[PDB]
$ cat structure.cif   # mmCIF, C-alpha atoms
data_input
loop_
_atom_site.label_atom_id
_atom_site.label_comp_id
_atom_site.auth_asym_id
_atom_site.auth_seq_id
_atom_site.Cartn_x
_atom_site.Cartn_y
_atom_site.Cartn_z
CA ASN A 84 -38.83 -0.79 6.62
CA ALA A 85 -36.36 0.67 9.12
CA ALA A 86 -33.66 -1.83 8.19
CA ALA A 87 -34.31 -1.06 4.52
CA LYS A 88 -33.88 2.64 5.25
CA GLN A 89 -30.59 1.93 7.03
CA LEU A 90 -29.36 -0.21 4.14
CA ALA A 91 -30.38 2.42 1.59
CA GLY A 92 -28.52 5.06 3.58
CA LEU A 93 -25.42 2.88 3.76
CA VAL A 94 -25.56 1.95 0.07
CA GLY A 95 -25.93 5.58 -0.96
CA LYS A 96 -23.26 6.73 1.49
CA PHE A 97 -20.91 4.19 -0.09
CA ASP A 98 -21.66 5.53 -3.59
CA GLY A 99 -23.32 2.49 -5.21
CA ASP A 100 -21.21 -0.16 -3.46
CA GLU A 101 -23.60 -2.64 -1.88
CA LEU A 102 -20.84 -4.89 -0.54
CA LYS A 103 -19.27 -2.17 1.61
CA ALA A 104 -22.76 -1.31 2.83
CA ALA A 105 -23.32 -4.95 3.76
CA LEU A 106 -20.00 -4.97 5.61
CA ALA A 107 -21.02 -1.82 7.48
CA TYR A 108 -24.40 -3.33 8.34
CA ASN A 109 -23.03 -6.67 9.57
CA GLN A 110 -19.90 -5.39 11.32
CA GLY A 111 -21.53 -2.20 12.55
CA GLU A 112 -19.54 0.98 12.38
CA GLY A 113 -17.15 2.82 14.69
CA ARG A 114 -16.02 0.30 17.29
CA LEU A 115 -14.92 -2.45 14.88
CA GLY A 116 -16.68 -1.31 11.74
CA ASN A 117 -14.70 1.64 10.41
CA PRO A 118 -11.27 -0.09 10.51
CA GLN A 119 -12.76 -2.90 8.43
CA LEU A 120 -14.52 -0.47 6.11
CA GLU A 121 -11.23 1.36 5.54
CA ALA A 122 -9.49 -1.98 4.98
CA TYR A 123 -12.16 -2.73 2.38
CA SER A 124 -11.56 0.70 0.86
CA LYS A 125 -7.87 0.00 0.29
CA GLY A 126 -8.48 -3.47 -1.10
CA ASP A 127 -6.91 -5.24 1.89
CA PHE A 128 -9.52 -7.95 2.41
CA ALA A 129 -7.07 -9.74 4.72
CA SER A 130 -7.57 -7.06 7.38
CA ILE A 131 -11.34 -7.50 7.18
CA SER A 132 -12.63 -9.95 9.78
CA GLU A 133 -13.39 -13.52 8.76
CA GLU A 134 -17.12 -13.31 9.48
CA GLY A 135 -17.49 -10.08 7.53
CA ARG A 136 -15.55 -11.55 4.63
CA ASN A 137 -17.82 -14.61 4.56
CA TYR A 138 -20.88 -12.36 4.82
CA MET A 139 -19.71 -10.36 1.82
CA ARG A 140 -18.95 -13.61 -0.03
CA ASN A 141 -22.45 -14.98 0.51
CA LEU A 142 -23.80 -11.61 -0.64
CA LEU A 143 -21.55 -11.55 -3.75
CA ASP A 144 -24.31 -12.57 -6.17
CA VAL A 145 -27.07 -10.22 -5.02
CA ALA A 146 -24.83 -7.25 -4.24
CA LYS A 147 -23.22 -5.12 -6.95
CA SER A 148 -19.84 -3.64 -6.15
CA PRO A 149 -16.70 -2.36 -7.86
CA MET A 150 -14.84 -4.64 -5.44
CA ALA A 151 -16.68 -7.82 -6.43
CA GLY A 152 -13.89 -9.03 -8.70
CA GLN A 153 -11.22 -8.31 -6.10
CA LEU A 154 -13.18 -10.26 -3.50
CA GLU A 155 -13.64 -13.11 -5.99
CA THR A 156 -9.90 -13.34 -6.62
CA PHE A 157 -9.08 -13.12 -2.90
CA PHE B 34 15.08 -17.16 -45.92
CA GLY B 35 16.95 -19.95 -44.15
CA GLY B 36 16.53 -18.44 -40.70
CA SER B 37 13.30 -18.88 -38.76
CA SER B 38 12.57 -16.21 -36.17
CA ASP B 39 11.78 -17.45 -32.67
CA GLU B 40 8.25 -16.69 -31.57
CA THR B 41 7.84 -14.15 -28.81
CA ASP B 42 7.97 -14.88 -25.08
CA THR B 43 5.89 -12.89 -22.61
CA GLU B 44 8.00 -10.13 -21.09
CA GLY B 45 8.50 -10.19 -17.34
CA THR B 46 10.40 -8.03 -14.86
CA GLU B 47 13.37 -9.47 -12.97
CA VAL B 48 15.98 -7.99 -10.63
CA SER B 49 19.09 -9.64 -9.21
CA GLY B 50 18.31 -8.40 -5.71
CA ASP C 375 22.47 8.79 6.25
CA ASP C 376 19.66 9.71 3.87
CA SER C 377 21.46 8.14 0.92
CA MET C 378 21.90 4.87 2.82
CA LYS C 379 18.30 4.87 4.06
CA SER C 380 17.01 5.73 0.58
CA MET C 381 19.01 2.89 -0.94
CA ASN C 382 17.41 0.46 1.51
CA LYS C 383 13.89 1.85 1.14
CA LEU C 384 13.91 1.93 -2.66
CA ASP C 385 15.17 -1.65 -2.39
CA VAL C 386 12.16 -2.68 -0.31
CA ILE C 387 9.78 -0.64 -2.48
CA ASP C 388 11.18 -2.46 -5.51
CA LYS C 389 10.50 -5.75 -3.73
CA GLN C 390 6.89 -4.71 -3.12
CA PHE C 391 6.38 -3.63 -6.73
CA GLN C 392 7.92 -6.84 -8.06
CA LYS C 393 5.45 -8.69 -5.85
CA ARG C 394 2.63 -6.58 -7.30
CA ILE C 395 3.68 -7.26 -10.90
CA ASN C 396 3.64 -11.01 -10.32
CA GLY C 397 -0.04 -10.51 -9.52
CA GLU C 398 -0.36 -10.84 -5.76
CA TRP C 399 -1.95 -7.87 -4.04
CA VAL C 400 0.47 -5.52 -2.31
CA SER C 401 -0.77 -2.31 -0.75
CA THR C 402 2.01 -0.13 -2.24
CA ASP C 403 1.29 2.67 0.24
CA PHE C 404 4.27 4.21 2.00
CA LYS C 405 2.72 3.70 5.44
CA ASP C 406 2.48 -0.08 5.12
CA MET C 407 5.89 -0.62 3.57
CA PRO C 408 7.87 -2.90 5.93
CA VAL C 409 10.49 -1.04 7.95
CA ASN C 410 13.78 -2.94 8.15
CA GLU C 411 15.59 -0.86 10.83
CA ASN C 412 18.01 -0.03 8.05
CA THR C 413 15.23 1.71 6.15
CA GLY C 414 13.83 4.05 8.76
CA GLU C 415 10.43 5.65 8.47
CA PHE C 416 8.75 5.85 5.07
CA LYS C 417 7.88 9.29 3.80
CA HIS C 418 5.72 9.89 0.76
CA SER C 419 8.69 11.15 -1.26
CA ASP C 420 10.37 7.78 -1.73
CA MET C 421 7.44 6.46 -3.75
CA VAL C 422 8.15 9.29 -6.19
CA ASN C 423 11.87 8.58 -5.90
CA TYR C 424 11.36 4.91 -6.71
CA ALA C 425 9.15 5.66 -9.70
CA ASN C 426 11.53 8.22 -11.18
CA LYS C 427 14.65 6.14 -10.55
CA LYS C 428 12.96 3.05 -11.98
CA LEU C 429 11.93 4.90 -15.13
CA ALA C 430 15.45 6.29 -15.55
CA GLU C 431 16.89 2.81 -14.94
CA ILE C 432 14.59 1.26 -17.54
CA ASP C 433 15.78 3.91 -19.97
CA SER C 434 19.40 3.22 -19.02
CA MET C 435 19.20 -0.54 -19.56
CA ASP C 436 20.64 -1.72 -22.87
CA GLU D 686 5.28 28.62 9.92
CA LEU D 687 3.94 25.66 11.92
CA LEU D 688 4.84 23.22 9.15
CA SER D 689 8.36 24.66 8.96
CA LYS D 690 8.59 24.37 12.74
CA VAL D 691 7.80 20.66 12.89
CA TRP D 692 10.10 19.99 9.95
CA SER D 693 12.95 21.94 11.55
CA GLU D 694 12.53 20.04 14.81
CA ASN D 695 12.66 16.64 13.11
CA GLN D 696 15.50 17.70 10.80
CA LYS D 697 17.59 19.03 13.67
CA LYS D 698 17.27 15.85 15.72
CA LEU D 699 17.95 13.55 12.75
CA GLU D 700 20.89 15.68 11.60
CA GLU D 701 22.42 15.59 15.08
CA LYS D 702 22.13 11.81 15.28
CA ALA D 703 23.55 11.39 11.77
CA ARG D 704 26.51 13.66 12.55
CA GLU D 705 27.22 11.75 15.76
CA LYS D 706 27.15 8.45 13.86
CA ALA D 707 29.33 9.74 11.02
CA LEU D 708 31.93 11.13 13.42
CA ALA D 709 31.86 7.86 15.36
CA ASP D 710 32.61 5.96 12.16
CA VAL D 711 35.37 8.45 11.32
#

$ encode --input "structure.cif" --output "structure tokens"
Amino acid sequence: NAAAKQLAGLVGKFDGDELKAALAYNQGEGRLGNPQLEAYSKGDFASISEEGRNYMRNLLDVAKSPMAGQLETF
Amino acid sequence: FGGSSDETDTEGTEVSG
Amino acid sequence: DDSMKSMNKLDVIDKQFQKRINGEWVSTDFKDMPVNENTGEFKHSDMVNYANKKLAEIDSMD
Amino acid sequence: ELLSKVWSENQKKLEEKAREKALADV
């Protein structure tokens, strides 16, 4: 329940973008998170860490995101 | 008439340098 | 000095946009344009300069 | 005022360096 609350807060805070929320949940936020979240925000999936990129990729199907196509092409 | 117009090519952007 | 620097930096901005048109992702933000030591620092104004000069050039081409 | 101040500082230093370089070339 607590993790669900955190994920709902992240998903809402990132508009409806579940992939950025998943990145924020996996990579945390602040110490190494926010640079990668900003990199996500400007496209720039190369700057995002490899593990976070794979995590987003394995969540591609279940998560809905405006950035899903851009991650698919990357 | 006699002439047959060449069918279009997709336009791309090029610069010498 | 500004005219020389602007020539170089519109050159590199043109390179980035030509890369973008081919399809590959380029950031096309003035901060992450590559500085060539002939370019100098990228302001926000040269994006506008490049767009306007490119439009005028496209109009000028025969 | 503050914005003009930072711009004037940067402009003065860049203008000085450019004038030095142009005179050196000349």

$ interface_residues --input "structure.cif" --of "chain C" --to "chain A" --cutoff "10 Å" --atoms "only C-alpha atoms" --output "list in words"
residues 398, 399, 400, 401 and 403 of chain C

$ resolve_selection --input "structure.cif" --expression "the PyMOL selection byres ((chain C and resi 389) around 12)" --output "PyMOL selection string"
(chain B and resi 46-50) or (chain C and resi 382-388+390-396+400+402+407-408+424)

$ residues_around --input "structure.cif" --residues "stretch 693-707 of chain D" --least-positions-apart "6" --cutoff "10 Å" --atoms "only C-alpha atoms" --output "MDAnalysis selection string"
(chainID C and resid 375:376) or (chainID D and resid 687)

$ atom_distance --input "structure.cif" --atom1 "atom CA of residue A:151" --atom2 "atom CA of residue C:397"
17.1 Å

$ resolve_selection --input "structure.cif" --expression "the PyMOL selection byres ((chain A and resi 93-106) around 10)" --output "PDB file with C-alpha atoms, keeping the file's coordinate frame"
ATOM      1  CA  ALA A  87     -34.310  -1.060   4.520  1.00  0.00           C
ATOM      2  CA  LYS A  88     -33.880   2.640   5.250  1.00  0.00           C
ATOM      3  CA  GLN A  89     -30.590   1.930   7.030  1.00  0.00           C
ATOM      4  CA  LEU A  90     -29.360  -0.210   4.140  1.00  0.00           C
ATOM      5  CA  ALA A  91     -30.380   2.420   1.590  1.00  0.00           C
ATOM      6  CA  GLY A  92     -28.520   5.060   3.580  1.00  0.00           C
ATOM      7  CA  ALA A 107     -21.020  -1.820   7.480  1.00  0.00           C
ATOM      8  CA  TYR A 108     -24.400  -3.330   8.340  1.00  0.00           C
ATOM      9  CA  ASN A 109     -23.030  -6.670   9.570  1.00  0.00           C
ATOM     10  CA  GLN A 110     -19.900  -5.390  11.320  1.00  0.00           C
ATOM     11  CA  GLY A 111     -21.530  -2.200  12.550  1.00  0.00           C
ATOM     12  CA  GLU A 112     -19.540   0.980  12.380  1.00  0.00           C
ATOM     13  CA  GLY A 116     -16.680  -1.310  11.740  1.00  0.00           C
ATOM     14  CA  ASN A 117     -14.700   1.640  10.410  1.00  0.00           C
ATOM     15  CA  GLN A 119     -12.760  -2.900   8.430  1.00  0.00           C
ATOM     16  CA  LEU A 120     -14.520  -0.470   6.110  1.00  0.00           C
ATOM     17  CA  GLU A 121     -11.230   1.360   5.540  1.00  0.00           C
ATOM     18  CA  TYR A 123     -12.160  -2.730   2.380  1.00  0.00           C
ATOM     19  CA  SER A 124     -11.560   0.700   0.860  1.00  0.00           C
ATOM     20  CA  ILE A 131     -11.340  -7.500   7.180  1.00  0.00           C
ATOM     21  CA  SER A 132     -12.630  -9.950   9.780  1.00  0.00           C
ATOM     22  CA  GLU A 134     -17.120 -13.310   9.480  1.00  0.00           C
ATOM     23  CA  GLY A 135     -17.490 -10.080   7.530  1.00  0.00           C
ATOM     24  CA  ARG A 136     -15.550 -11.550   4.630  1.00  0.00           C
ATOM     25  CA  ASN A 137     -17.820 -14.610   4.560  1.00  0.00           C
ATOM     26  CA  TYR A 138     -20.880 -12.360   4.820  1.00  0.00           C
ATOM     27  CA  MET A 139     -19.710 -10.360   1.820  1.00  0.00           C
ATOM     28  CA  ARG A 140     -18.950 -13.610  -0.030  1.00  0.00           C
ATOM     29  CA  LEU A 142     -23.800 -11.610  -0.640  1.00  0.00           C
ATOM     30  CA  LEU A 143     -21.550 -11.550  -3.750  1.00  0.00           C
ATOM     31  CA  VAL A 145     -27.070 -10.220  -5.020  1.00  0.00           C
ATOM     32  CA  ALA A 146     -24.830  -7.250  -4.240  1.00  0.00           C
ATOM     33  CA  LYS A 147     -23.220  -5.120  -6.950  1.00  0.00           C
ATOM     34  CA  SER A 148     -19.840  -3.640  -6.150  1.00  0.00           C
ATOM     35  CA  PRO A 149     -16.700  -2.360  -7.860  1.00  0.00           C
ATOM     36  CA  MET A 150     -14.840  -4.640  -5.440  1.00  0.00           C
ATOM     37  CA  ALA A 151     -16.680  -7.820  -6.430  1.00  0.00           C
ATOM     38  CA  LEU A 154     -13.180 -10.260  -3.500  1.00  0.00           C
TER      39      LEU A 154
END

$ closest_residue --input "structure.cif" --among "C:406, C:420, C:411, C:431" --to "chain B" --atoms "all atoms listed in the file"
C:431

$ atom_distance --input "structure.cif" --atom1 "atom CA of residue D:691" --atom2 "atom CA of residue C:417"
14.6 Å

$ build_atoms --input "structure.cif" --residues "chain B" --atoms "N, CA, C and O atoms" --output "PDB file, keeping the file's coordinate frame"
ATOM      1  N   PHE B  34      14.017 -16.387 -45.292  1.00  0.00           N
ATOM      2  CA  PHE B  34      15.080 -17.160 -45.920  1.00  0.00           C
ATOM      3  C   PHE B  34      15.341 -18.438 -45.123  1.00  0.00           C
ATOM      4  O   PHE B  34      14.404 -19.112 -44.700  1.00  0.00           O
ATOM      5  N   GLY B  35      16.616 -18.775 -44.937  1.00  0.00           N
ATOM      6  CA  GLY B  35      16.950 -19.950 -44.150  1.00  0.00           C
ATOM      7  C   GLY B  35      16.566 -19.806 -42.689  1.00  0.00           C
ATOM      8  O   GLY B  35      16.061 -20.749 -42.077  1.00  0.00           O
ATOM      9  N   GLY B  36      16.797 -18.630 -42.113  1.00  0.00           N
ATOM     10  CA  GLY B  36      16.530 -18.440 -40.700  1.00  0.00           C
ATOM     11  C   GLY B  36      15.039 -18.397 -40.408  1.00  0.00           C
ATOM     12  O   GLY B  36      14.245 -17.883 -41.196  1.00  0.00           O
ATOM     13  N   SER B  37      14.661 -18.952 -39.261  1.00  0.00           N
ATOM     14  CA  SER B  37      13.300 -18.880 -38.760  1.00  0.00           C
ATOM     15  C   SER B  37      13.300 -18.147 -37.430  1.00  0.00           C
ATOM     16  O   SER B  37      13.950 -18.587 -36.478  1.00  0.00           O
ATOM     17  N   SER B  38      12.572 -17.036 -37.364  1.00  0.00           N
ATOM     18  CA  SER B  38      12.570 -16.210 -36.170  1.00  0.00           C
ATOM     19  C   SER B  38      11.812 -16.892 -35.034  1.00  0.00           C
ATOM     20  O   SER B  38      10.742 -17.470 -35.235  1.00  0.00           O
ATOM     21  N   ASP B  39      12.378 -16.815 -33.835  1.00  0.00           N
ATOM     22  CA  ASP B  39      11.780 -17.450 -32.670  1.00  0.00           C
ATOM     23  C   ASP B  39      10.573 -16.659 -32.191  1.00  0.00           C
ATOM     24  O   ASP B  39      10.619 -15.434 -32.063  1.00  0.00           O
ATOM     25  N   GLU B  40       9.484 -17.369 -31.915  1.00  0.00           N
ATOM     26  CA  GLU B  40       8.250 -16.690 -31.570  1.00  0.00           C
ATOM     27  C   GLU B  40       8.319 -16.124 -30.162  1.00  0.00           C
ATOM     28  O   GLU B  40       8.986 -16.678 -29.285  1.00  0.00           O
ATOM     29  N   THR B  41       7.611 -15.017 -29.953  1.00  0.00           N
ATOM     30  CA  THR B  41       7.840 -14.150 -28.810  1.00  0.00           C
ATOM     31  C   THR B  41       7.511 -14.847 -27.493  1.00  0.00           C
ATOM     32  O   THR B  41       6.637 -15.717 -27.427  1.00  0.00           O
ATOM     33  N   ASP B  42       8.220 -14.442 -26.445  1.00  0.00           N
ATOM     34  CA  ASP B  42       7.970 -14.880 -25.080  1.00  0.00           C
ATOM     35  C   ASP B  42       7.402 -13.694 -24.319  1.00  0.00           C
ATOM     36  O   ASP B  42       7.770 -12.547 -24.590  1.00  0.00           O
ATOM     37  N   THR B  43       6.491 -13.964 -23.388  1.00  0.00           N
ATOM     38  CA  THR B  43       5.890 -12.890 -22.610  1.00  0.00           C
ATOM     39  C   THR B  43       6.943 -12.209 -21.742  1.00  0.00           C
ATOM     40  O   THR B  43       7.706 -12.866 -21.030  1.00  0.00           O
ATOM     41  N   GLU B  44       6.971 -10.881 -21.796  1.00  0.00           N
ATOM     42  CA  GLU B  44       8.000 -10.130 -21.090  1.00  0.00           C
ATOM     43  C   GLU B  44       7.672 -10.019 -19.611  1.00  0.00           C
ATOM     44  O   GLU B  44       6.551  -9.672 -19.232  1.00  0.00           O
ATOM     45  N   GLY B  45       8.657 -10.313 -18.776  1.00  0.00           N
ATOM     46  CA  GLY B  45       8.500 -10.190 -17.340  1.00  0.00           C
ATOM     47  C   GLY B  45       9.642  -9.383 -16.756  1.00  0.00           C
ATOM     48  O   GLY B  45      10.692  -9.217 -17.378  1.00  0.00           O
ATOM     49  N   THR B  46       9.424  -8.878 -15.547  1.00  0.00           N
ATOM     50  CA  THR B  46      10.400  -8.030 -14.860  1.00  0.00           C
ATOM     51  C   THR B  46      11.170  -8.862 -13.846  1.00  0.00           C
ATOM     52  O   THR B  46      10.569  -9.562 -13.023  1.00  0.00           O
ATOM     53  N   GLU B  47      12.499  -8.785 -13.905  1.00  0.00           N
ATOM     54  CA  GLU B  47      13.370  -9.470 -12.970  1.00  0.00           C
ATOM     55  C   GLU B  47      14.487  -8.552 -12.498  1.00  0.00           C
ATOM     56  O   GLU B  47      14.978  -7.713 -13.257  1.00  0.00           O
ATOM     57  N   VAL B  48      14.876  -8.719 -11.238  1.00  0.00           N
ATOM     58  CA  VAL B  48      15.980  -7.990 -10.630  1.00  0.00           C
ATOM     59  C   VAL B  48      16.854  -8.999  -9.902  1.00  0.00           C
ATOM     60  O   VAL B  48      16.364  -9.995  -9.361  1.00  0.00           O
ATOM     61  N   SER B  49      18.166  -8.757  -9.921  1.00  0.00           N
ATOM     62  CA  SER B  49      19.090  -9.640  -9.210  1.00  0.00           C
ATOM     63  C   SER B  49      18.804  -9.654  -7.718  1.00  0.00           C
ATOM     64  O   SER B  49      18.793 -10.719  -7.089  1.00  0.00           O
ATOM     65  N   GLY B  50      18.563  -8.488  -7.132  1.00  0.00           N
ATOM     66  CA  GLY B  50      18.310  -8.400  -5.710  1.00  0.00           C
ATOM     67  C   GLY B  50      17.082  -7.588  -5.356  1.00  0.00           C
ATOM     68  O   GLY B  50      17.074  -6.854  -4.368  1.00  0.00           O
TER      69      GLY B  50
END
